[PDB]
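Participant: Attaching a single structure in structure tokens format; questions to follow.
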Protein chains: 2
Amino acid sequence: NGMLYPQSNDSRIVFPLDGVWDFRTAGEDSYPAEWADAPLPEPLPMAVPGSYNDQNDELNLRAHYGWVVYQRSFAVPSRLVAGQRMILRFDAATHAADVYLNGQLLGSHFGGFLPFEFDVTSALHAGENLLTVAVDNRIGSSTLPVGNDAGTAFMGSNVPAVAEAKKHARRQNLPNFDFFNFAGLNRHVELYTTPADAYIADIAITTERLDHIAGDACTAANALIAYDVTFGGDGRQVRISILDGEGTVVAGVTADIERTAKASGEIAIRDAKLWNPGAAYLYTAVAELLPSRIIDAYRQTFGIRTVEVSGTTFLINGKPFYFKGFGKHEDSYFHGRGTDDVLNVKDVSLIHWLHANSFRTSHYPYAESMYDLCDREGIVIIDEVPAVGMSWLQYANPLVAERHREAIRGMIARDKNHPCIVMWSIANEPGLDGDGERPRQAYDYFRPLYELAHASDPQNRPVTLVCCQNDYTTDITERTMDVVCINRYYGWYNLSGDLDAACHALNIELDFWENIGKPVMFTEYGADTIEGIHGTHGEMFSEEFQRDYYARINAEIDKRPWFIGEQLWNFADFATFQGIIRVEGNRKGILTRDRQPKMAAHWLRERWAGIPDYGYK
Amino acid sequence: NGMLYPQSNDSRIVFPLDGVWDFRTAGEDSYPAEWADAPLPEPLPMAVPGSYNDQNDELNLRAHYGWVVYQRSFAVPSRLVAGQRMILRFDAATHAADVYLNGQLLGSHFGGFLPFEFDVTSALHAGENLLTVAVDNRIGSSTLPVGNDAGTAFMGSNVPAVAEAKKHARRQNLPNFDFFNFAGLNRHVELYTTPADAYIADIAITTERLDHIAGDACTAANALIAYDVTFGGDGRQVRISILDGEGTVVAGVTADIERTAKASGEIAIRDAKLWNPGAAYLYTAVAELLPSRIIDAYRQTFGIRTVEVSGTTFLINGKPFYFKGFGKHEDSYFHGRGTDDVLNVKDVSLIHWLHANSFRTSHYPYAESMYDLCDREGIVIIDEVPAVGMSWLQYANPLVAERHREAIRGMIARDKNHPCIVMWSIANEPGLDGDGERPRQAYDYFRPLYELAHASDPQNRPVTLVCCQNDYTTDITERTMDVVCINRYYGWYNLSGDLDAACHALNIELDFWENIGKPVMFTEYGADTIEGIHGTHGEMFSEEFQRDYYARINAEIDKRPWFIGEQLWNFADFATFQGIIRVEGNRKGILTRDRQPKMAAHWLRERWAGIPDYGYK
Ligand SMILES: CCCCCCCCC[C@@H]1NC[C@@H](O)[C@H](O)[C@H]1C(=O)O
Ligand SMILES: CCCCCCCCC[C@@H]1NC[C@@H](O)[C@H](O)[C@H]1C(=O)O
């Protein structure tokens with residue numbers, strides 16, 4: 001269950017397997033298994049980590065349907081593997097993968113946005129090893145994210161010629177979502193080692209209680225934190241040291257390991273330095289398994305802070321927080337969905353430049369490094385599983401339910417220790433409304449997932465579901481979330497270009513949510529905007545209209561004390577499937593795809609500069 | 001002298017140090033020494049490998065002048081360093097660096113585009129190590145590439161207000177070159193191990209002779225290759241096995257090591273499979289130092305092919321080659337000059353898409369991985385040192401001369417084994433013409449560098465100097481190169497917009513080069529072009545004008561049998577210092593900065609599809 005990011009220390013080494021691999025496209029529903037037995041014939045180069053789709057302009061890999069096969073060789077010193085447990089970890093293979101080492105199938109995985117690993121201790125041998133990874137890009141009615149088994153894509157555009165032509169068209173992934181289906185080895189691949197006899201398998205750190213939080217929330221007189229360390233392998237003990245920002249041990253305990261091996265307990269820290277948005281502070285929990293050498297160790301970063309929904313407020317360290325930010329995407333020009341830490345570092349700086357304080361991982365868990373980055377940079381995150389494109393067809397499918405539970409458990413197991421994460425999102429824009437039994441069916445599907453998210457998170461953070469612009473009067477699910485997160489496009493997708501009418505409609509629905517009495521925030525709202533299109537009276541697609549859009553809508557939500565956040569759509573223009581409403585993709589970015597600020601970004605920067613993280617409402 | 005890329009095998013391990021480091025800007029001519037002794041205070045995140053300049057939009061790091069300081073911690077298992085030689089390698093730190101480990105100065109380096117390394121065997125210790133790297137971005141009259149000590153920039157735009165304001169302006173780097181001065185840890189950083197007592201320090205493989213090359217140049221009846229293995233450390237022997245593309249041992253010898261410890265010899269390869277443009281074939285030379293636990297090994301890729309200038313022809317494997325391609329840059333939106341193998345892979349695919357066969361590393365050696373990529377993809381390279389912006393002020397400067405020799409020796413030492421490299425360039429557009437002694441001074445400066453390039457390369461490839469559009473009648477240097485490489489902008493920088501006149505002037509200079517009797521090629525020609533600007537009669541900056549420009553110019557050089565190549569400027573739009581002729585940088589790319597094809601790219605693709613690598617002229 002534990003998926004601690006690979007670490008190098010005196011007991012452990014990490015051997016990265018990133019670089020330029022060999023690559024071949026394969027079939028729509030199969031690939032030659034014998035490619036695992038020998039070097040790929042006539043291979044293409046393919047960099048990893050990275051989406052494969054934009055890495056070859058001779059081919060049209062964006063149109064590819066089905067399987068591809070990656071391959072590379074590697075060798076490590078015998079003395080490095082000797083006596084060690086050898087683990088091969090894939091940070092992400094999108095969407096499904098079969099992995100072979102030296103011709104042996106290690107196993108398979110389906111989640112396209114969460115890490116998986118294999119014990120390769122016995123499959124490894126001395127000298128060159130052959131690692132073959134088949135990756136499947138297919139989406140459909142039983143995958144998360146959701147594809148369509150027939151028809152059209154998301155927001156897509158009677159005639160007999162059409163029916164016949166459609167029946168013989170080349171097979172394509174038909175996504176029920178608005179972002180391009182970038183596939184492949186999107187995140188890092190690495191071999192790593194642990195001790196074999198006994199080893200640290202998982203660590204969970206929680207902030208249990210804060211006593212006498214300072215007025216500025218910089219410190220608390222006392223902080224009670226809890227630790228939970230799980231072990232694998234096989235009067236044993238683990239030592240736990242708490243290190244402050246300077247590396248000073250400010251607390252330490254030695255705990256007994258009890259048999260499923262586990263050690264758990266609490267630690268009191270006086271004058272604890274708290275983690276806040278805009279003012280990060282990180283401790284390190286060092287776990288050392290006890291017996292020019294010693295034994296196993298792991299260093300787990302964490303931050304001390306509480307999160308609590310109280311009435312219509314969202315309290316971080318007892319202070320009323322206001323979200324400023326956006327949904328993002330892991331999306332960029334050559335990498336596609338490939339992780340890029342240069343871009344992550346830049347984007348975090350841009351979030352500061354904008355005076356935003358938060359974002360949501362729309363619509364899939366992001367690369368782990370981005371959460372570490374936001375931990376140290378004081379940026380708050382809503383962590384979201386790839387459950388986008390869902391409707392009643394999915395709710396009745398047990399395989400989908402299991403994959404959804406897998407995604408929630410996987411995300412929370414991977415990300416539980418990040419102080420920057422303050423809330424979980426269990427879906428984006430599922431079908432929730434309508435008549436007959438449909439609302440009840442949606443509720444019965446999502447409620448146990450809400451409960452699972454609460455049970456899985458030792459910190460017990462709030463849980464939301466990001467809601468589509470729907471009939472809010474027949475939707476009975478969204479109102480039961482801890483925070484109401486709504487996606488609204490009044491004035492863009494309806495009442496188009498009419499901001500007076502858009503504001504009127506918005507205010508009517510806001511009267512509804514006011515009456516609901518839950519804290520509410522925007523998680524999406526915006527307008528496609530082509531940089532350089534200008535007007536004295538801004539029309540749809542102009543920079544001025546995007547600017548006007550946010551000025552009008554935000555003036556309306558400023559009047560509502562129970563409206564605790566504004567996350568717009570989107571941080572930056574991003575790639576989608578082609579279609580009549582997509583001008584080189586989705587253009588609702590306040591930044592261009594190359595991260596350049598449109599007029600609305602400047603306006604928002606000015607607004608957000610005057611809005612404090614705490615106490616705005 | 002040897003700088004073999006770090007390799008992992010049974011005798012060696014590589015520990016990458018890439019990732020998100022700590023970072024601070026520092027002073028114009030200094031940095032705080034105590035930053036090397038303890039964790040950086042209030043650090044910024046900075047991804048490495050990458051330029052730092054575009055990784056923080058809160059700061060204006062493009063305007064930064066002077067030093068910055070990088071830092072990170074790392075730990076490796078004691079059992080892995082035990083008894084090993086520990087080397088810390090920097091693939092590139094631009095432009096100069098001081099490196100510290102655990103408070104100790106390891107040493108310094110100048111030269112922003114070639115690797116350097118330090119023996120850290122004694123400076124390393126158990127647990128966390130603190131690695132600090134100060135990086136200097138300053139350029140001036142004694143650096144390569146060349147900066148200006150005062151004035152304005154490359155192609156930059158008496159009045160007392162101006163003189164006085166200039167004297168008090170913020171200090172900035174003033175480039176004598178047309179690409180932005182991206183600085184920092186542009187390429188990978190890694191720790192690696194070798195055996196300590198004796199180890200392989202360098203390998204050189206050369207194609208000495210080909211007997212009876214096949215008609216299609218796919219094979220030769222016999223290939224004589226030579227090996228040269230250098231050792232460090234301290235009846236010893238090294239075994240050398242030659243592996244073909246399938247990993248089959250096709251040849252092998254055991255050689256004696258003699259003292260500077262060295263083994264050298266020749267190997268005949270029967271029915272050798274040759275490396276050609278558009279049809280790569282690679283062998284591996286496995287060098288194993290002879291005495292569980294064994295000794296030392298390194299696997300050196302190579303390709304079997306000859307390069308020979310004969311009269312006005314450029315012969316690869318005895319066949320008359322024609323260059324199709326462009327100058328490139330290592331340049332991209334967030335990385336700056338940072339190496340990005342996703343982008344390298346994509347770019348190589350685009351080179352195939354265009355039906356080009358070559359490029360030049362304008363204006364600095366590229367990341368090593370790109371040469372490996374071109375080795376396997378059959379793309380020919382002209383390898384160039386950062387000697388750009390040079391004039392007579394530099395030729396009289398001993399420090400410049402020494403740095404130039406360092407760049408040539410370093411480049412060739414690093415890159416000698418790549419079959420894709422067919423030619424060295426010792427400078428781009430230096431001052432060579434004029435009256436009095438200036439031409440002779442230039443000749444006396446460059447001739448020994450020409451000679452040095454020939455002496456340093458065991459393959460003895462042709463050597464060129466890429467020549468500025470100058471007075472070809474007083475230039476006495478360019479005509480003495482092995483291949484004449486000219487940069488010409490008739491119709492753009494002069495005879496502006498008049499393609500008839502441009503072609504007339506071109507034909508007059510071509511009449512000059514016709515009599516020189518050297519093979520001649522374009523290494524630059526082009527027109528700034530803003531994608532989306534159109535006209536029925538294309539004017540400067542329109543897509544049509546760029547297209548017309550290449551159509552007319554190329555029609556003229558097609559009439560000259562001695563004109564053996566066309567490399568245009570540039571592959572893709574790239575970042576420059578700001579100025580009145582730079583619209584978001586240099587826009588002479590036939591592709592946009594995001595690698596999208598302008599009209600001229602389609603036209604060129606069509607032309608190049610009909611031009612064979614061999615036998616065009
Ligand atoms: C009156 C009907 C209103 C329809 C509301 C549906 C809006 C969905 C908006 C979409 N929501 C999800 C996101 O991934 C997409 O990029 C975003 C978009 O299209 O820009
Ligand atoms: C009338 C003749 C004036 C001299 C012409 C010199 C042209 C130099 C061209 C420049 N040559 C070098 C290259 O790095 C630059 O990017 C390129 C350019 O500006 O586009």
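Going through the structure tokens in order, the chains are called A, B, and so on, while each chain numbers its residues from 1 and the ligands are numbered from 1 in the order shown.
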Write down as a PDB file with N, CA and C atoms, in the first residue's frame the residues of range 386-483 of chain A whose backbone DSSP state falls under helix (DSSP H, G or I).
Facilitator:
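Writing done, so here's selection25.pdb:
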```
ATOM      1  N   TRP A 392     -24.103   7.666 -15.710  1.00  0.00           N
ATOM      2  CA  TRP A 392     -24.842   6.526 -15.166  1.00  0.00           C
ATOM      3  C   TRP A 392     -24.401   5.188 -15.741  1.00  0.00           C
ATOM      4  N   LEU A 393     -23.911   5.194 -16.975  1.00  0.00           N
ATOM      5  CA  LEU A 393     -23.327   3.992 -17.565  1.00  0.00           C
ATOM      6  C   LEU A 393     -22.170   3.460 -16.716  1.00  0.00           C
ATOM      7  N   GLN A 394     -21.373   4.371 -16.159  1.00  0.00           N
ATOM      8  CA  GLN A 394     -20.253   3.973 -15.307  1.00  0.00           C
ATOM      9  C   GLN A 394     -20.696   3.515 -13.906  1.00  0.00           C
ATOM     10  N   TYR A 395     -21.721   4.155 -13.333  1.00  0.00           N
ATOM     11  CA  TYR A 395     -22.098   3.878 -11.934  1.00  0.00           C
ATOM     12  C   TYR A 395     -22.580   2.441 -11.757  1.00  0.00           C
ATOM     13  N   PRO A 398     -19.307  -2.485 -11.966  1.00  0.00           N
ATOM     14  CA  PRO A 398     -18.474  -2.809 -10.798  1.00  0.00           C
ATOM     15  C   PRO A 398     -16.978  -2.616 -11.047  1.00  0.00           C
ATOM     16  N   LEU A 399     -16.517  -2.872 -12.269  1.00  0.00           N
ATOM     17  CA  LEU A 399     -15.108  -2.672 -12.588  1.00  0.00           C
ATOM     18  C   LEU A 399     -14.723  -1.194 -12.471  1.00  0.00           C
ATOM     19  N   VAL A 400     -15.612  -0.308 -12.922  1.00  0.00           N
ATOM     20  CA  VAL A 400     -15.389   1.130 -12.792  1.00  0.00           C
ATOM     21  C   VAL A 400     -15.339   1.528 -11.323  1.00  0.00           C
ATOM     22  N   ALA A 401     -16.286   1.028 -10.534  1.00  0.00           N
ATOM     23  CA  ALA A 401     -16.302   1.310  -9.099  1.00  0.00           C
ATOM     24  C   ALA A 401     -14.990   0.888  -8.437  1.00  0.00           C
ATOM     25  N   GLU A 402     -14.486  -0.285  -8.818  1.00  0.00           N
ATOM     26  CA  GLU A 402     -13.233  -0.765  -8.244  1.00  0.00           C
ATOM     27  C   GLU A 402     -12.047   0.080  -8.682  1.00  0.00           C
ATOM     28  N   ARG A 403     -12.017   0.470  -9.954  1.00  0.00           N
ATOM     29  CA  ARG A 403     -10.948   1.346 -10.433  1.00  0.00           C
ATOM     30  C   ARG A 403     -10.981   2.719  -9.762  1.00  0.00           C
ATOM     31  N   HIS A 404     -12.184   3.193  -9.451  1.00  0.00           N
ATOM     32  CA  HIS A 404     -12.373   4.473  -8.777  1.00  0.00           C
ATOM     33  C   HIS A 404     -11.848   4.390  -7.344  1.00  0.00           C
ATOM     34  N   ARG A 405     -12.213   3.313  -6.650  1.00  0.00           N
ATOM     35  CA  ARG A 405     -11.702   3.096  -5.301  1.00  0.00           C
ATOM     36  C   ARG A 405     -10.176   2.964  -5.312  1.00  0.00           C
ATOM     37  N   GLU A 406      -9.649   2.266  -6.316  1.00  0.00           N
ATOM     38  CA  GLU A 406      -8.202   2.134  -6.488  1.00  0.00           C
ATOM     39  C   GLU A 406      -7.543   3.496  -6.658  1.00  0.00           C
ATOM     40  N   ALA A 407      -8.147   4.357  -7.471  1.00  0.00           N
ATOM     41  CA  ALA A 407      -7.576   5.676  -7.713  1.00  0.00           C
ATOM     42  C   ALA A 407      -7.579   6.520  -6.436  1.00  0.00           C
ATOM     43  N   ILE A 408      -8.691   6.501  -5.705  1.00  0.00           N
ATOM     44  CA  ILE A 408      -8.780   7.261  -4.450  1.00  0.00           C
ATOM     45  C   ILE A 408      -7.759   6.773  -3.420  1.00  0.00           C
ATOM     46  N   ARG A 409      -7.713   5.457  -3.216  1.00  0.00           N
ATOM     47  CA  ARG A 409      -6.781   4.878  -2.256  1.00  0.00           C
ATOM     48  C   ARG A 409      -5.342   5.138  -2.678  1.00  0.00           C
ATOM     49  N   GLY A 410      -5.067   5.001  -3.972  1.00  0.00           N
ATOM     50  CA  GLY A 410      -3.725   5.195  -4.496  1.00  0.00           C
ATOM     51  C   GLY A 410      -3.249   6.625  -4.345  1.00  0.00           C
ATOM     52  N   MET A 411      -4.128   7.568  -4.680  1.00  0.00           N
ATOM     53  CA  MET A 411      -3.792   8.976  -4.571  1.00  0.00           C
ATOM     54  C   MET A 411      -3.516   9.323  -3.123  1.00  0.00           C
ATOM     55  N   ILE A 412      -4.403   8.885  -2.234  1.00  0.00           N
ATOM     56  CA  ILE A 412      -4.251   9.269  -0.839  1.00  0.00           C
ATOM     57  C   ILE A 412      -3.041   8.583  -0.195  1.00  0.00           C
ATOM     58  N   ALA A 413      -2.811   7.312  -0.514  1.00  0.00           N
ATOM     59  CA  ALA A 413      -1.621   6.614  -0.028  1.00  0.00           C
ATOM     60  C   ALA A 413      -0.340   7.305  -0.495  1.00  0.00           C
ATOM     61  N   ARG A 414      -0.335   7.789  -1.735  1.00  0.00           N
ATOM     62  CA  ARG A 414       0.855   8.454  -2.272  1.00  0.00           C
ATOM     63  C   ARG A 414       1.068   9.850  -1.667  1.00  0.00           C
ATOM     64  N   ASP A 415      -0.026  10.558  -1.406  1.00  0.00           N
ATOM     65  CA  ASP A 415       0.055  12.000  -1.188  1.00  0.00           C
ATOM     66  C   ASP A 415      -0.306  12.476   0.224  1.00  0.00           C
ATOM     67  N   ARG A 438     -32.117   8.674 -11.387  1.00  0.00           N
ATOM     68  CA  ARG A 438     -30.752   9.088 -11.731  1.00  0.00           C
ATOM     69  C   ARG A 438     -30.004   9.843 -10.607  1.00  0.00           C
ATOM     70  N   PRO A 439     -30.637  10.868  -9.987  1.00  0.00           N
ATOM     71  CA  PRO A 439     -29.920  11.543  -8.889  1.00  0.00           C
ATOM     72  C   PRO A 439     -29.588  10.609  -7.734  1.00  0.00           C
ATOM     73  N   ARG A 440     -30.519   9.725  -7.393  1.00  0.00           N
ATOM     74  CA  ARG A 440     -30.291   8.780  -6.308  1.00  0.00           C
ATOM     75  C   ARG A 440     -29.195   7.778  -6.668  1.00  0.00           C
ATOM     76  N   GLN A 441     -29.185   7.324  -7.919  1.00  0.00           N
ATOM     77  CA  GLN A 441     -28.145   6.414  -8.400  1.00  0.00           C
ATOM     78  C   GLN A 441     -26.756   7.060  -8.319  1.00  0.00           C
ATOM     79  N   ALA A 442     -26.680   8.324  -8.718  1.00  0.00           N
ATOM     80  CA  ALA A 442     -25.427   9.069  -8.614  1.00  0.00           C
ATOM     81  C   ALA A 442     -25.010   9.192  -7.144  1.00  0.00           C
ATOM     82  N   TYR A 443     -25.952   9.569  -6.280  1.00  0.00           N
ATOM     83  CA  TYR A 443     -25.645   9.675  -4.846  1.00  0.00           C
ATOM     84  C   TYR A 443     -25.138   8.365  -4.258  1.00  0.00           C
ATOM     85  N   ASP A 444     -25.826   7.271  -4.560  1.00  0.00           N
ATOM     86  CA  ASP A 444     -25.452   5.968  -4.031  1.00  0.00           C
ATOM     87  C   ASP A 444     -24.098   5.538  -4.590  1.00  0.00           C
ATOM     88  N   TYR A 445     -23.761   5.998  -5.789  1.00  0.00           N
ATOM     89  CA  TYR A 445     -22.433   5.689  -6.308  1.00  0.00           C
ATOM     90  C   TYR A 445     -21.337   6.483  -5.579  1.00  0.00           C
ATOM     91  N   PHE A 446     -21.542   7.784  -5.401  1.00  0.00           N
ATOM     92  CA  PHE A 446     -20.461   8.649  -4.908  1.00  0.00           C
ATOM     93  C   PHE A 446     -20.305   8.685  -3.387  1.00  0.00           C
ATOM     94  N   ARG A 447     -21.402   8.493  -2.662  1.00  0.00           N
ATOM     95  CA  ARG A 447     -21.355   8.557  -1.199  1.00  0.00           C
ATOM     96  C   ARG A 447     -20.332   7.603  -0.566  1.00  0.00           C
ATOM     97  N   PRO A 448     -20.295   6.327  -0.992  1.00  0.00           N
ATOM     98  CA  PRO A 448     -19.254   5.480  -0.395  1.00  0.00           C
ATOM     99  C   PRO A 448     -17.841   5.879  -0.816  1.00  0.00           C
ATOM    100  N   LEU A 449     -17.700   6.597  -1.928  1.00  0.00           N
ATOM    101  CA  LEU A 449     -16.389   7.091  -2.347  1.00  0.00           C
ATOM    102  C   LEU A 449     -15.974   8.287  -1.484  1.00  0.00           C
ATOM    103  N   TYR A 450     -16.938   9.151  -1.170  1.00  0.00           N
ATOM    104  CA  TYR A 450     -16.745  10.215  -0.180  1.00  0.00           C
ATOM    105  C   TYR A 450     -16.263   9.620   1.142  1.00  0.00           C
ATOM    106  N   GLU A 451     -16.939   8.567   1.591  1.00  0.00           N
ATOM    107  CA  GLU A 451     -16.589   7.917   2.853  1.00  0.00           C
ATOM    108  C   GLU A 451     -15.205   7.279   2.797  1.00  0.00           C
ATOM    109  N   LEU A 452     -14.894   6.640   1.672  1.00  0.00           N
ATOM    110  CA  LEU A 452     -13.587   6.015   1.473  1.00  0.00           C
ATOM    111  C   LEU A 452     -12.455   7.047   1.538  1.00  0.00           C
ATOM    112  N   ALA A 453     -12.679   8.206   0.929  1.00  0.00           N
ATOM    113  CA  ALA A 453     -11.672   9.263   0.957  1.00  0.00           C
ATOM    114  C   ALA A 453     -11.400   9.716   2.394  1.00  0.00           C
ATOM    115  N   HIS A 454     -12.455   9.824   3.196  1.00  0.00           N
ATOM    116  CA  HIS A 454     -12.298  10.196   4.601  1.00  0.00           C
ATOM    117  C   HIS A 454     -11.587   9.105   5.401  1.00  0.00           C
ATOM    118  N   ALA A 455     -11.941   7.848   5.146  1.00  0.00           N
ATOM    119  CA  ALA A 455     -11.343   6.734   5.876  1.00  0.00           C
ATOM    120  C   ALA A 455      -9.871   6.525   5.520  1.00  0.00           C
ATOM    121  N   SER A 456      -9.493   6.831   4.281  1.00  0.00           N
ATOM    122  CA  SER A 456      -8.149   6.519   3.810  1.00  0.00           C
ATOM    123  C   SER A 456      -7.143   7.561   4.273  1.00  0.00           C
ATOM    124  N   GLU A 478     -24.031  16.883  -4.830  1.00  0.00           N
ATOM    125  CA  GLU A 478     -23.032  17.941  -4.621  1.00  0.00           C
ATOM    126  C   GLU A 478     -23.198  18.619  -3.265  1.00  0.00           C
ATOM    127  N   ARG A 479     -24.448  18.863  -2.877  1.00  0.00           N
ATOM    128  CA  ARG A 479     -24.731  19.553  -1.622  1.00  0.00           C
ATOM    129  C   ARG A 479     -24.302  18.763  -0.385  1.00  0.00           C
ATOM    130  N   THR A 480     -23.945  17.490  -0.557  1.00  0.00           N
ATOM    131  CA  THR A 480     -23.532  16.694   0.601  1.00  0.00           C
ATOM    132  C   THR A 480     -22.014  16.670   0.786  1.00  0.00           C
TER     133      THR A 480
END
```
Participant: Please list as JSON, numbers by chain every residue within 12 Å of residue 374 in chain A, counting only C-alpha atoms and excluding residues in the same chain fewer than 4 positions away.
Facilitator: {"A": [275, 276, 277, 278, 279, 280, 281, 282, 302, 303, 344, 345, 346, 347, 348, 349, 351, 352, 357, 358, 359, 360, 366, 367, 368, 369, 370, 378, 379, 380, 381, 382, 418, 419, 420, 421, 422], "B": [45]}
Participant: Using only C-alpha atoms and a distance of at most 8 Å, pull out the residues of chain B that contact chain A, as a PyMOL selection string.
Facilitator: chain B and resi 8-16+19-20+45-48+50+54-58+74-80+126-128+246+293+333-335+341-343+345-346+349-350+352-353+373+594
Participant: Could you tell me how far CA of residue 536 in chain B lies from CA of residue 530 in chain A, in Å and to one decimal?
Facilitator: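 Pair CA of residue 536 in chain B / CA of residue 530 in chain A returns 25.4 Å.
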Participant: Just to confirm, what's the straight-line distance from CA of residue 567 in chain A to CA of residue 42 in chain B in Å (one decimal)?
Facilitator: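 That distance, rounded to one decimal, is 28.4 Å.
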Participant: Using only C-alpha atoms and all ligand atoms, which residue out of A:435, A:606, A:528, A:258 lies closest to ligand 1?
Facilitator: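 Going through A:435, A:606, A:528, A:258 one by one, the smallest distance to ligand 1 is for A:528.
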Participant: Which residues of chain A have any atom within 9 Å of an atom in ligand 1 when counting only C-alpha atoms and all ligand atoms, and what is the closest pair of atoms for each, with the distance in Å to one decimal? Order the rows by chain and rising number and write it as CSV.
Facilitator:
```
residue,atom,partner,partner_atom_place_in_ligand_line,distance
A:154,CA,ligand 1,19 (O),8.5
A:155,CA,ligand 1,19 (O),7.6
A:177,CA,ligand 1,14 (O),6.1
A:178,CA,ligand 1,16 (O),4.7
A:179,CA,ligand 1,14 (O),6.5
A:327,CA,ligand 1,13 (C),8.6
A:362,CA,ligand 1,14 (O),7.2
A:363,CA,ligand 1,14 (O),7.0
A:388,CA,ligand 1,14 (O),8.0
A:389,CA,ligand 1,12 (C),8.9
A:428,CA,ligand 1,12 (C),7.1
A:429,CA,ligand 1,12 (C),6.8
A:468,CA,ligand 1,6 (C),6.0
A:469,CA,ligand 1,5 (C),4.7
A:470,CA,ligand 1,3 (C),7.2
A:487,CA,ligand 1,11 (N),6.9
A:488,CA,ligand 1,5 (C),6.6
A:489,CA,ligand 1,5 (C),6.0
A:490,CA,ligand 1,1 (C),7.4
A:492,CA,ligand 1,3 (C),8.3
A:493,CA,ligand 1,3 (C),5.1
A:494,CA,ligand 1,1 (C),4.9
A:495,CA,ligand 1,1 (C),8.3
A:524,CA,ligand 1,11 (N),7.0
A:525,CA,ligand 1,9 (C),7.8
A:526,CA,ligand 1,20 (O),7.5
A:527,CA,ligand 1,20 (O),7.7
A:528,CA,ligand 1,20 (O),7.6
A:569,CA,ligand 1,20 (O),6.9
A:570,CA,ligand 1,16 (O),7.7
A:574,CA,ligand 1,16 (O),8.7
A:576,CA,ligand 1,16 (O),8.4
A:581,CA,ligand 1,19 (O),8.9
A:586,CA,ligand 1,20 (O),6.3
A:587,CA,ligand 1,20 (O),7.9
A:588,CA,ligand 1,20 (O),6.4
```
Participant: At a cut-off of 9 Å, using only C-alpha atoms, what residues contact residue 539 in chain B? Leave out same-chain residues fewer than 6 positions from it and give the result as a ChimeraX atom specification.
Facilitator: /B:497,545-546
